[PDB]
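One file, run19.txt, carrying compact mmCIF, N, CA and C atoms:
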# COMPACT_ATOMS: atom_id res chain seq x y z
N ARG A 844 20.43 5.08 -6.57
CA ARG A 844 21.69 4.36 -6.61
C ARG A 844 22.31 4.24 -5.23
N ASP A 845 22.06 5.20 -4.36
CA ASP A 845 22.63 5.16 -3.02
C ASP A 845 21.77 4.31 -2.10
N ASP A 850 9.00 9.43 -1.73
CA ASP A 850 7.78 10.04 -1.22
C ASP A 850 7.56 11.42 -1.85
N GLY A 851 7.94 12.47 -1.13
CA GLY A 851 7.80 13.81 -1.67
C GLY A 851 8.45 13.97 -3.03
N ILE A 852 9.56 13.26 -3.25
CA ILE A 852 10.28 13.38 -4.52
C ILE A 852 9.43 12.88 -5.68
N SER A 853 8.97 11.63 -5.61
CA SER A 853 8.15 11.09 -6.69
C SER A 853 6.87 11.90 -6.85
N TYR A 854 6.32 12.40 -5.75
CA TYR A 854 5.15 13.26 -5.84
C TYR A 854 5.44 14.50 -6.69
N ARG A 855 6.53 15.20 -6.39
CA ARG A 855 6.89 16.37 -7.17
C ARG A 855 7.11 16.00 -8.64
N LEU A 856 7.79 14.88 -8.89
CA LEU A 856 8.04 14.47 -10.27
C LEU A 856 6.75 14.25 -11.03
N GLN A 857 5.78 13.58 -10.40
CA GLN A 857 4.48 13.40 -11.03
C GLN A 857 3.75 14.73 -11.16
N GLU A 858 4.05 15.69 -10.28
CA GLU A 858 3.39 16.99 -10.36
C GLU A 858 3.86 17.76 -11.58
N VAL A 859 5.15 18.08 -11.64
CA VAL A 859 5.68 18.84 -12.76
C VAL A 859 5.84 17.95 -13.98
N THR A 866 6.62 6.77 -12.07
CA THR A 866 6.73 5.46 -11.46
C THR A 866 6.16 4.38 -12.36
N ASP A 867 4.95 4.63 -12.88
CA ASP A 867 4.25 3.63 -13.68
C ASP A 867 5.11 3.15 -14.85
N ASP A 868 5.93 4.03 -15.42
CA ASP A 868 6.77 3.64 -16.54
C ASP A 868 7.77 2.57 -16.12
N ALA A 869 8.30 2.66 -14.89
CA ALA A 869 9.23 1.64 -14.42
C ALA A 869 8.52 0.30 -14.24
N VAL A 870 7.27 0.33 -13.78
CA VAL A 870 6.52 -0.91 -13.63
C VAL A 870 6.24 -1.54 -14.99
N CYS A 871 5.88 -0.71 -15.98
CA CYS A 871 5.68 -1.23 -17.33
C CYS A 871 6.98 -1.79 -17.91
N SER A 872 8.11 -1.14 -17.61
CA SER A 872 9.40 -1.67 -18.02
C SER A 872 9.68 -3.02 -17.36
N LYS A 873 9.35 -3.15 -16.07
CA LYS A 873 9.54 -4.42 -15.39
C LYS A 873 8.68 -5.52 -16.01
N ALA A 874 7.42 -5.20 -16.30
CA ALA A 874 6.54 -6.20 -16.90
C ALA A 874 7.01 -6.58 -18.30
N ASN A 875 7.49 -5.61 -19.07
CA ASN A 875 8.07 -5.92 -20.37
C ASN A 875 9.28 -6.83 -20.22
N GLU A 876 10.15 -6.52 -19.26
CA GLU A 876 11.33 -7.35 -19.04
C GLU A 876 10.95 -8.77 -18.67
N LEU A 877 9.97 -8.93 -17.77
CA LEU A 877 9.58 -10.27 -17.33
C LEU A 877 8.93 -11.05 -18.46
N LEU A 878 8.03 -10.41 -19.22
CA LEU A 878 7.38 -11.10 -20.33
C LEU A 878 8.39 -11.49 -21.40
N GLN A 879 9.30 -10.58 -21.73
CA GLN A 879 10.36 -10.91 -22.68
C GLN A 879 11.19 -12.08 -22.19
N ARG A 880 11.62 -12.04 -20.93
CA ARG A 880 12.45 -13.11 -20.39
C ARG A 880 11.72 -14.44 -20.38
N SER A 881 10.39 -14.42 -20.22
CA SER A 881 9.63 -15.66 -20.24
C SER A 881 9.79 -16.42 -21.55
N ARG A 882 10.08 -15.72 -22.65
CA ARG A 882 10.23 -16.39 -23.93
C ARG A 882 11.46 -17.28 -23.97
N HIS A 883 12.49 -16.94 -23.21
CA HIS A 883 13.75 -17.67 -23.23
C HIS A 883 13.86 -18.70 -22.11
N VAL A 884 12.84 -18.84 -21.28
CA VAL A 884 12.92 -19.74 -20.14
C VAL A 884 12.74 -21.18 -20.63
N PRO A 885 13.73 -22.06 -20.41
CA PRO A 885 13.54 -23.47 -20.77
C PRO A 885 12.64 -24.22 -19.81
N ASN A 886 12.85 -24.03 -18.51
CA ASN A 886 12.08 -24.75 -17.50
C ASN A 886 10.69 -24.12 -17.37
N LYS A 887 9.66 -24.91 -17.66
CA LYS A 887 8.33 -24.35 -17.90
C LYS A 887 7.77 -23.64 -16.68
N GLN A 888 7.83 -24.27 -15.50
CA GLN A 888 7.26 -23.67 -14.30
C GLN A 888 7.83 -22.27 -14.07
N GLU A 889 9.09 -22.05 -14.45
CA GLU A 889 9.65 -20.71 -14.40
C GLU A 889 8.99 -19.79 -15.42
N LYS A 890 8.64 -20.32 -16.60
CA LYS A 890 7.92 -19.51 -17.57
C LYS A 890 6.57 -19.07 -17.02
N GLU A 891 5.86 -19.99 -16.36
CA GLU A 891 4.60 -19.63 -15.73
C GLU A 891 4.82 -18.59 -14.63
N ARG A 892 5.86 -18.77 -13.81
CA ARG A 892 6.17 -17.78 -12.78
C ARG A 892 6.40 -16.40 -13.38
N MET A 893 7.21 -16.34 -14.43
CA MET A 893 7.52 -15.06 -15.06
C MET A 893 6.27 -14.42 -15.64
N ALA B 548 -4.41 -8.69 13.33
CA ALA B 548 -5.75 -8.13 13.40
C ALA B 548 -6.01 -7.25 12.20
N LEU B 549 -4.98 -6.55 11.75
CA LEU B 549 -5.11 -5.81 10.51
C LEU B 549 -5.48 -6.73 9.37
N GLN B 550 -4.59 -7.64 9.01
CA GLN B 550 -4.80 -8.48 7.84
C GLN B 550 -6.16 -9.16 7.90
N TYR B 551 -6.59 -9.52 9.11
CA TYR B 551 -7.92 -10.09 9.28
C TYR B 551 -9.00 -9.10 8.89
N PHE B 552 -9.09 -7.98 9.61
CA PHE B 552 -10.13 -7.00 9.33
C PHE B 552 -10.14 -6.61 7.87
N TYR B 553 -8.98 -6.66 7.22
CA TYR B 553 -8.90 -6.37 5.80
C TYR B 553 -9.89 -7.18 5.00
N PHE B 554 -10.26 -8.36 5.48
CA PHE B 554 -11.26 -9.14 4.78
C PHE B 554 -12.63 -8.47 4.84
N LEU B 555 -12.87 -7.64 5.84
CA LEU B 555 -14.13 -6.92 5.96
C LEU B 555 -14.21 -5.73 5.01
N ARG B 556 -13.22 -5.57 4.13
CA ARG B 556 -13.13 -4.38 3.28
C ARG B 556 -14.45 -4.07 2.58
N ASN B 557 -15.24 -5.08 2.28
CA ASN B 557 -16.53 -4.87 1.63
C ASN B 557 -17.66 -4.66 2.62
N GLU B 558 -17.39 -4.75 3.91
CA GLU B 558 -18.44 -4.71 4.92
C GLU B 558 -18.72 -3.28 5.34
N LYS B 559 -19.97 -2.85 5.15
CA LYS B 559 -20.40 -1.52 5.51
C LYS B 559 -21.18 -1.59 6.81
N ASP B 560 -21.04 -0.55 7.63
CA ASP B 560 -21.76 -0.50 8.89
C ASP B 560 -23.21 -0.10 8.64
N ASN B 561 -23.96 0.04 9.74
CA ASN B 561 -25.35 0.47 9.65
C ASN B 561 -25.47 1.93 9.28
N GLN B 562 -24.40 2.70 9.39
CA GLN B 562 -24.39 4.09 8.96
C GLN B 562 -23.76 4.26 7.58
N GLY B 563 -23.57 3.18 6.83
CA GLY B 563 -22.80 3.25 5.61
C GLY B 563 -21.31 3.34 5.83
N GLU B 564 -20.86 3.33 7.08
CA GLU B 564 -19.44 3.33 7.37
C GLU B 564 -18.83 1.99 7.00
N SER B 565 -17.84 2.02 6.13
CA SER B 565 -17.08 0.81 5.88
C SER B 565 -16.53 0.32 7.21
N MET B 566 -17.05 -0.82 7.67
CA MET B 566 -16.59 -1.37 8.93
C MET B 566 -15.07 -1.35 8.99
N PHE B 567 -14.42 -1.72 7.89
CA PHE B 567 -12.97 -1.60 7.80
C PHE B 567 -12.50 -0.30 8.41
N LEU B 568 -13.13 0.81 8.04
CA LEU B 568 -12.71 2.10 8.57
C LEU B 568 -12.73 2.10 10.09
N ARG B 569 -13.91 1.91 10.68
CA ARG B 569 -13.99 1.96 12.13
C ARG B 569 -13.05 0.95 12.76
N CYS B 570 -13.24 -0.32 12.43
CA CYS B 570 -12.42 -1.37 13.00
C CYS B 570 -10.95 -0.98 12.97
N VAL B 571 -10.47 -0.47 11.84
CA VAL B 571 -9.08 -0.05 11.78
C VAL B 571 -8.85 1.14 12.68
N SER B 572 -9.85 1.98 12.85
CA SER B 572 -9.65 3.16 13.68
C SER B 572 -9.47 2.75 15.12
N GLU B 573 -10.51 2.17 15.69
CA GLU B 573 -10.41 1.55 17.01
C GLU B 573 -9.13 0.75 17.11
N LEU B 574 -8.74 0.09 16.03
CA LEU B 574 -7.50 -0.67 16.03
C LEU B 574 -6.32 0.23 16.35
N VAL B 575 -6.13 1.27 15.55
CA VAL B 575 -4.99 2.15 15.75
C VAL B 575 -5.05 2.77 17.14
N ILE B 576 -6.19 3.34 17.49
CA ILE B 576 -6.30 4.04 18.76
C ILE B 576 -6.01 3.10 19.90
N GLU B 577 -6.85 2.08 20.08
CA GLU B 577 -6.64 1.10 21.12
C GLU B 577 -5.20 0.64 21.14
N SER B 578 -4.66 0.29 19.97
CA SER B 578 -3.29 -0.19 19.91
C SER B 578 -2.30 0.89 20.29
N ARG B 579 -2.68 2.16 20.12
CA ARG B 579 -1.88 3.29 20.56
C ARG B 579 -0.51 3.30 19.88
N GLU B 580 -0.53 3.03 18.58
CA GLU B 580 0.68 3.08 17.77
C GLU B 580 0.28 3.38 16.33
N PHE B 581 0.98 4.33 15.71
CA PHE B 581 0.75 4.65 14.31
C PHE B 581 2.03 4.44 13.53
N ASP B 582 3.15 4.80 14.16
CA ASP B 582 4.45 4.74 13.50
C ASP B 582 4.61 3.42 12.75
N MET B 583 4.48 2.30 13.45
CA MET B 583 4.63 1.02 12.78
C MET B 583 3.51 0.79 11.78
N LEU B 584 2.28 1.15 12.15
CA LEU B 584 1.15 0.85 11.29
C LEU B 584 1.13 1.74 10.06
N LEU B 585 1.29 3.05 10.25
CA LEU B 585 1.10 4.00 9.17
C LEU B 585 2.37 4.70 8.72
N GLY B 586 3.48 4.49 9.42
CA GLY B 586 4.75 5.00 8.95
C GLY B 586 5.32 6.12 9.79
N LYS B 587 6.49 6.58 9.36
CA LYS B 587 7.19 7.68 10.00
C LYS B 587 7.63 8.67 8.95
N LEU B 588 7.88 9.90 9.39
CA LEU B 588 8.32 10.94 8.48
C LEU B 588 9.82 11.17 8.65
N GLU B 589 10.53 11.24 7.53
CA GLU B 589 11.95 11.52 7.55
C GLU B 589 12.17 13.03 7.45
N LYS B 590 13.35 13.45 7.91
CA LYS B 590 13.62 14.88 8.05
C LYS B 590 13.41 15.64 6.75
N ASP B 591 13.77 15.04 5.62
CA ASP B 591 13.60 15.72 4.34
C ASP B 591 12.20 15.58 3.78
N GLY B 592 11.23 15.19 4.60
CA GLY B 592 9.87 15.12 4.13
C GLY B 592 9.50 13.87 3.36
N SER B 593 10.33 12.84 3.39
CA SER B 593 9.91 11.56 2.85
C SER B 593 9.17 10.77 3.91
N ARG B 594 7.97 10.33 3.57
CA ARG B 594 7.14 9.56 4.50
C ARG B 594 7.53 8.10 4.41
N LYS B 595 8.18 7.59 5.45
CA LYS B 595 8.60 6.20 5.45
C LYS B 595 7.37 5.31 5.49
N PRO B 596 7.06 4.58 4.41
CA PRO B 596 5.81 3.82 4.37
C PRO B 596 5.79 2.74 5.43
N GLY B 597 4.66 2.64 6.13
CA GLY B 597 4.53 1.75 7.25
C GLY B 597 3.65 0.55 6.94
N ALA B 598 3.20 -0.10 8.01
CA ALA B 598 2.48 -1.35 7.86
C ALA B 598 1.29 -1.20 6.94
N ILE B 599 0.36 -0.31 7.28
CA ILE B 599 -0.87 -0.22 6.51
C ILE B 599 -0.58 -0.02 5.04
N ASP B 600 0.52 0.65 4.72
CA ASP B 600 0.83 0.93 3.33
C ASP B 600 0.88 -0.33 2.49
N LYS B 601 1.27 -1.45 3.09
CA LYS B 601 1.37 -2.68 2.32
C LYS B 601 0.01 -3.16 1.85
N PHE B 602 -1.05 -2.81 2.57
CA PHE B 602 -2.37 -3.32 2.22
C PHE B 602 -3.10 -2.41 1.25
N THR B 603 -2.98 -1.10 1.41
CA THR B 603 -3.71 -0.18 0.56
C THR B 603 -2.73 0.73 -0.16
N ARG B 604 -3.12 1.16 -1.35
CA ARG B 604 -2.37 2.18 -2.06
C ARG B 604 -2.88 3.58 -1.74
N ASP B 605 -4.11 3.69 -1.26
CA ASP B 605 -4.72 4.98 -0.95
C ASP B 605 -4.52 5.37 0.52
N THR B 606 -3.27 5.42 0.98
CA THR B 606 -3.01 5.74 2.38
C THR B 606 -3.59 7.08 2.77
N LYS B 607 -3.80 7.96 1.80
CA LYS B 607 -4.25 9.31 2.11
C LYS B 607 -5.54 9.29 2.90
N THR B 608 -6.63 8.83 2.28
CA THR B 608 -7.93 8.91 2.93
C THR B 608 -7.94 8.15 4.24
N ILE B 609 -7.19 7.05 4.30
CA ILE B 609 -7.16 6.27 5.53
C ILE B 609 -6.60 7.10 6.67
N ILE B 610 -5.37 7.56 6.52
CA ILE B 610 -4.77 8.37 7.57
C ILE B 610 -5.65 9.57 7.86
N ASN B 611 -6.32 10.09 6.84
CA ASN B 611 -7.13 11.29 7.03
C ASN B 611 -8.28 11.02 7.97
N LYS B 612 -9.05 9.97 7.71
CA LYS B 612 -10.16 9.66 8.59
C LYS B 612 -9.66 9.30 9.98
N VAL B 613 -8.52 8.61 10.06
CA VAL B 613 -7.92 8.33 11.36
C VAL B 613 -7.69 9.62 12.11
N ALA B 614 -7.16 10.62 11.41
CA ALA B 614 -6.88 11.90 12.03
C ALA B 614 -8.17 12.59 12.44
N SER B 615 -9.21 12.49 11.62
CA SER B 615 -10.50 13.05 12.00
C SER B 615 -10.96 12.48 13.32
Would you mind writing the file's structure down as structure tokens?
Amino acid sequence: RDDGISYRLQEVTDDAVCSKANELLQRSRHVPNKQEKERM
Amino acid sequence: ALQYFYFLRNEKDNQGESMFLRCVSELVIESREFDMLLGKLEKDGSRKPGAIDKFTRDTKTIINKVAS
């Protein structure tokens, strides 16, 4: 909000990327302008 | 020169050395700069990702062989 950190967390990111892909694919359903749907 | 040599990623030397490796090595050394290419370290131990990081996700082995 404001490296070693994410490393430690994985010890004791991919989920955010999957969330982003879910968001983009979902948003593609509502896109009226087609080229934007292809972009998404 | 980086982005170019990156195309050689599949090119192996006569010793089985990925030409990419050497070429990039001579690259770093000759160029005499790593900070911009491979990054900088922040005081709290966060490694500020540098140029090479944009091309590969496996920065570990790369920097390692460079250090060798």
Identify, with DSSP run on backbone atoms, the residues in chain A assigned to helix (DSSP H, G or I), and express the list as a ChimeraX atom specification. /A:851-858,867-882,887-892
Written selection (N, CA and C atoms) as a PDB file, keeping the file's coordinate frame:
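As written to disk, result-v3.pdb reads:
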ATOM      1  N   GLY A 851       7.940  12.470  -1.130  1.00  0.00           N
ATOM      2  CA  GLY A 851       7.800  13.810  -1.670  1.00  0.00           C
ATOM      3  C   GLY A 851       8.450  13.970  -3.030  1.00  0.00           C
ATOM      4  N   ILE A 852       9.560  13.260  -3.250  1.00  0.00           N
ATOM      5  CA  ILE A 852      10.280  13.380  -4.520  1.00  0.00           C
ATOM      6  C   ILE A 852       9.430  12.880  -5.680  1.00  0.00           C
ATOM      7  N   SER A 853       8.970  11.630  -5.610  1.00  0.00           N
ATOM      8  CA  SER A 853       8.150  11.090  -6.690  1.00  0.00           C
ATOM      9  C   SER A 853       6.870  11.900  -6.850  1.00  0.00           C
ATOM     10  N   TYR A 854       6.320  12.400  -5.750  1.00  0.00           N
ATOM     11  CA  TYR A 854       5.150  13.260  -5.840  1.00  0.00           C
ATOM     12  C   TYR A 854       5.440  14.500  -6.690  1.00  0.00           C
ATOM     13  N   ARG A 855       6.530  15.200  -6.390  1.00  0.00           N
ATOM     14  CA  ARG A 855       6.890  16.370  -7.170  1.00  0.00           C
ATOM     15  C   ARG A 855       7.110  16.000  -8.640  1.00  0.00           C
ATOM     16  N   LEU A 856       7.790  14.880  -8.890  1.00  0.00           N
ATOM     17  CA  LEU A 856       8.040  14.470 -10.270  1.00  0.00           C
ATOM     18  C   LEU A 856       6.750  14.250 -11.030  1.00  0.00           C
ATOM     19  N   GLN A 857       5.780  13.580 -10.400  1.00  0.00           N
ATOM     20  CA  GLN A 857       4.480  13.400 -11.030  1.00  0.00           C
ATOM     21  C   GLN A 857       3.750  14.730 -11.160  1.00  0.00           C
ATOM     22  N   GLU A 858       4.050  15.690 -10.280  1.00  0.00           N
ATOM     23  CA  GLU A 858       3.390  16.990 -10.360  1.00  0.00           C
ATOM     24  C   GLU A 858       3.860  17.760 -11.580  1.00  0.00           C
ATOM     25  N   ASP A 867       4.950   4.630 -12.880  1.00  0.00           N
ATOM     26  CA  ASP A 867       4.250   3.630 -13.680  1.00  0.00           C
ATOM     27  C   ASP A 867       5.110   3.150 -14.850  1.00  0.00           C
ATOM     28  N   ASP A 868       5.930   4.030 -15.420  1.00  0.00           N
ATOM     29  CA  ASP A 868       6.770   3.640 -16.540  1.00  0.00           C
ATOM     30  C   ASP A 868       7.770   2.570 -16.120  1.00  0.00           C
ATOM     31  N   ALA A 869       8.300   2.660 -14.890  1.00  0.00           N
ATOM     32  CA  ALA A 869       9.230   1.640 -14.420  1.00  0.00           C
ATOM     33  C   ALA A 869       8.520   0.300 -14.240  1.00  0.00           C
ATOM     34  N   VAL A 870       7.270   0.330 -13.780  1.00  0.00           N
ATOM     35  CA  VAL A 870       6.520  -0.910 -13.630  1.00  0.00           C
ATOM     36  C   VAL A 870       6.240  -1.540 -14.990  1.00  0.00           C
ATOM     37  N   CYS A 871       5.880  -0.710 -15.980  1.00  0.00           N
ATOM     38  CA  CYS A 871       5.680  -1.230 -17.330  1.00  0.00           C
ATOM     39  C   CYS A 871       6.980  -1.790 -17.910  1.00  0.00           C
ATOM     40  N   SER A 872       8.110  -1.140 -17.610  1.00  0.00           N
ATOM     41  CA  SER A 872       9.400  -1.670 -18.020  1.00  0.00           C
ATOM     42  C   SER A 872       9.680  -3.020 -17.360  1.00  0.00           C
ATOM     43  N   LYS A 873       9.350  -3.150 -16.070  1.00  0.00           N
ATOM     44  CA  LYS A 873       9.540  -4.420 -15.390  1.00  0.00           C
ATOM     45  C   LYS A 873       8.680  -5.520 -16.010  1.00  0.00           C
ATOM     46  N   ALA A 874       7.420  -5.200 -16.300  1.00  0.00           N
ATOM     47  CA  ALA A 874       6.540  -6.200 -16.900  1.00  0.00           C
ATOM     48  C   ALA A 874       7.010  -6.580 -18.300  1.00  0.00           C
ATOM     49  N   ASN A 875       7.490  -5.610 -19.070  1.00  0.00           N
ATOM     50  CA  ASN A 875       8.070  -5.920 -20.370  1.00  0.00           C
ATOM     51  C   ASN A 875       9.280  -6.830 -20.220  1.00  0.00           C
ATOM     52  N   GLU A 876      10.150  -6.520 -19.260  1.00  0.00           N
ATOM     53  CA  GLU A 876      11.330  -7.350 -19.040  1.00  0.00           C
ATOM     54  C   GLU A 876      10.950  -8.770 -18.670  1.00  0.00           C
ATOM     55  N   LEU A 877       9.970  -8.930 -17.770  1.00  0.00           N
ATOM     56  CA  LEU A 877       9.580 -10.270 -17.330  1.00  0.00           C
ATOM     57  C   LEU A 877       8.930 -11.050 -18.460  1.00  0.00           C
ATOM     58  N   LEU A 878       8.030 -10.410 -19.220  1.00  0.00           N
ATOM     59  CA  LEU A 878       7.380 -11.100 -20.330  1.00  0.00           C
ATOM     60  C   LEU A 878       8.390 -11.490 -21.400  1.00  0.00           C
ATOM     61  N   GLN A 879       9.300 -10.580 -21.730  1.00  0.00           N
ATOM     62  CA  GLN A 879      10.360 -10.910 -22.680  1.00  0.00           C
ATOM     63  C   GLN A 879      11.190 -12.080 -22.190  1.00  0.00           C
ATOM     64  N   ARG A 880      11.620 -12.040 -20.930  1.00  0.00           N
ATOM     65  CA  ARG A 880      12.450 -13.110 -20.390  1.00  0.00           C
ATOM     66  C   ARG A 880      11.720 -14.440 -20.380  1.00  0.00           C
ATOM     67  N   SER A 881      10.390 -14.420 -20.220  1.00  0.00           N
ATOM     68  CA  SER A 881       9.630 -15.660 -20.240  1.00  0.00           C
ATOM     69  C   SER A 881       9.790 -16.420 -21.550  1.00  0.00           C
ATOM     70  N   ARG A 882      10.080 -15.720 -22.650  1.00  0.00           N
ATOM     71  CA  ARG A 882      10.230 -16.390 -23.930  1.00  0.00           C
ATOM     72  C   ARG A 882      11.460 -17.280 -23.970  1.00  0.00           C
ATOM     73  N   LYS A 887       9.660 -24.910 -17.660  1.00  0.00           N
ATOM     74  CA  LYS A 887       8.330 -24.350 -17.900  1.00  0.00           C
ATOM     75  C   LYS A 887       7.770 -23.640 -16.680  1.00  0.00           C
ATOM     76  N   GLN A 888       7.830 -24.270 -15.500  1.00  0.00           N
ATOM     77  CA  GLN A 888       7.260 -23.670 -14.300  1.00  0.00           C
ATOM     78  C   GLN A 888       7.830 -22.270 -14.070  1.00  0.00           C
ATOM     79  N   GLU A 889       9.090 -22.050 -14.450  1.00  0.00           N
ATOM     80  CA  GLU A 889       9.650 -20.710 -14.400  1.00  0.00           C
ATOM     81  C   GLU A 889       8.990 -19.790 -15.420  1.00  0.00           C
ATOM     82  N   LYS A 890       8.640 -20.320 -16.600  1.00  0.00           N
ATOM     83  CA  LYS A 890       7.920 -19.510 -17.570  1.00  0.00           C
ATOM     84  C   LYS A 890       6.570 -19.070 -17.020  1.00  0.00           C
ATOM     85  N   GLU A 891       5.860 -19.990 -16.360  1.00  0.00           N
ATOM     86  CA  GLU A 891       4.600 -19.630 -15.730  1.00  0.00           C
ATOM     87  C   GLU A 891       4.820 -18.590 -14.630  1.00  0.00           C
ATOM     88  N   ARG A 892       5.860 -18.770 -13.810  1.00  0.00           N
ATOM     89  CA  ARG A 892       6.170 -17.780 -12.780  1.00  0.00           C
ATOM     90  C   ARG A 892       6.400 -16.400 -13.380  1.00  0.00           C
TER      91      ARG A 892
END
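Across the structure, atom N of residue 593 in chain B and CA of residue 851 in chain A are spaced 5.7 Å apart.
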Using all atoms listed in the file, the shortest atom-to-atom distance to residue 596 in chain B among B:584, B:615, B:577, B:554 belongs to B:584
At a cut-off of 8 Å, using all atoms listed in the file, what residues contact residue 549 in chain B? Leave out same-chain residues fewer than 5 positions from it and give the result as an mmCIF file with N, CA and C atoms, in the coordinates of the input.
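Once written, part.cif looks like this:
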data_model
loop_
_atom_site.group_PDB
_atom_site.id
_atom_site.type_symbol
_atom_site.label_atom_id
_atom_site.label_comp_id
_atom_site.auth_asym_id
_atom_site.auth_seq_id
_atom_site.Cartn_x
_atom_site.Cartn_y
_atom_site.Cartn_z
ATOM 1 N N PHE B 554 -10.260 -8.360 5.480
ATOM 2 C CA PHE B 554 -11.260 -9.140 4.780
ATOM 3 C C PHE B 554 -12.630 -8.470 4.840
ATOM 4 N N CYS B 570 -13.240 -0.320 12.430
ATOM 5 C CA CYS B 570 -12.420 -1.370 13.000
ATOM 6 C C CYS B 570 -10.950 -0.980 12.970
ATOM 7 N N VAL B 571 -10.470 -0.470 11.840
ATOM 8 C CA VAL B 571 -9.080 -0.050 11.780
ATOM 9 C C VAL B 571 -8.850 1.140 12.680
ATOM 10 N N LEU B 574 -8.740 0.090 16.030
ATOM 11 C CA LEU B 574 -7.500 -0.670 16.030
ATOM 12 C C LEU B 574 -6.320 0.230 16.350
#
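Of the residues under consideration (B:614, B:607, B:602, B:592), B:592 shows the shortest atom-to-atom contact distance to chain A when counting only N, CA and C atoms.
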task = DSSP on the backbone, then: every residue of chain B marked strand (DSSP E), written as an NGL selection string.
result = :B and (586-588 or 594-596)
In Å and to one decimal, CA of residue 613 in chain B is distant from atom C of residue 569 in chain B by 9.1 Å
_Just want the 8 Å neighbourhood of residue 881 in chain A, counted on all atoms listed in the file, with same-chain residues fewer than 5 positions away dropped. Output as JSON, numbers by chain._
{"A": [875, 876, 889, 890, 891, 892, 893]}
The residue from B:568, B:578, B:556, B:597 with the smallest atom-to-atom distance to residue 612 in chain B, counting all atoms listed in the file, is B:568
The distance between CA of residue 587 in chain B and CA of residue 606 in chain B is 12.9 Å
